[PDB]
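One structure is given below, encoded as structure tokens.
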Amino acid sequence: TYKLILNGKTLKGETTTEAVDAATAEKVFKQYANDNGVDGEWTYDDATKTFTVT
């Protein structure tokens, strides 16, 4: 389970996913972000398996 923190101006929240590798998760998250109109900067922290977009 990897988590995505979405930090936007009109939309804020968090979500999670179960994926075999970080690369696979990123693709899932990117698709989601694109679909919900959230575009920004992505960061990944391996100790907490968290991706953040701003």
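Here's how to read the names in the structure tokens: chain A, B, ... by the order shown, residue numbers from 1 in each chain, ligand numbers from 1 in the order shown.
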
- request: Would you kindly return, as a VMD selection string, each protein, DNA or RNA residue with an atom no farther than 12 Å from any atom of residue A:29, considering only C-alpha atoms and excluding same-chain residues fewer than 6 positions away?
  value: chain A and resid 2 to 6 14 to 19 22 to 23 35 to 36 38 to 39 42 44 50 to 53

task: Run DSSP on the backbone and give me the residues of chain A it puts in helix (DSSP H, G or I), as a VMD selection string.
output: chain A and resid 22 to 35

Could you find all residues in stretch 14-52 of chain A that DSSP calls strand (DSSP E) from the backbone, and write them as a PDB file with C-alpha atoms, in the first residue's frame?
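And here is the file that came out, states_5.pdb:
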```pdb
ATOM      1  CA  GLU A  14      -5.276  11.517   0.499  1.00  0.00           C
ATOM      2  CA  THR A  15      -5.610   8.116  -1.178  1.00  0.00           C
ATOM      3  CA  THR A  16      -3.824   4.757  -1.256  1.00  0.00           C
ATOM      4  CA  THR A  17      -3.116   1.784  -3.526  1.00  0.00           C
ATOM      5  CA  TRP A  42       5.600  14.850  -7.200  1.00  0.00           C
ATOM      6  CA  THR A  43       7.798  13.696  -4.314  1.00  0.00           C
ATOM      7  CA  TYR A  44       8.403  10.208  -2.917  1.00  0.00           C
ATOM      8  CA  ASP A  45       9.554   9.166   0.558  1.00  0.00           C
ATOM      9  CA  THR A  50       4.346   8.327   0.453  1.00  0.00           C
ATOM     10  CA  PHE A  51       4.095  10.300  -2.792  1.00  0.00           C
ATOM     11  CA  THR A  52       3.177  13.987  -2.566  1.00  0.00           C
TER      12      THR A  52
END
```

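With atom CA of residue A:9 on one side and atom CA of residue A:31 on the other, the separation reads 19.2 Å.
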
Residue nearest residue A:10 - candidates A:48, A:34, A:26, A:54, atoms counted: only C-alpha atoms: A:54

- prompt: What gap, in Å, lies between atom CA of residue A:37 and atom CA of residue A:21?
  reply: 24.8 Å
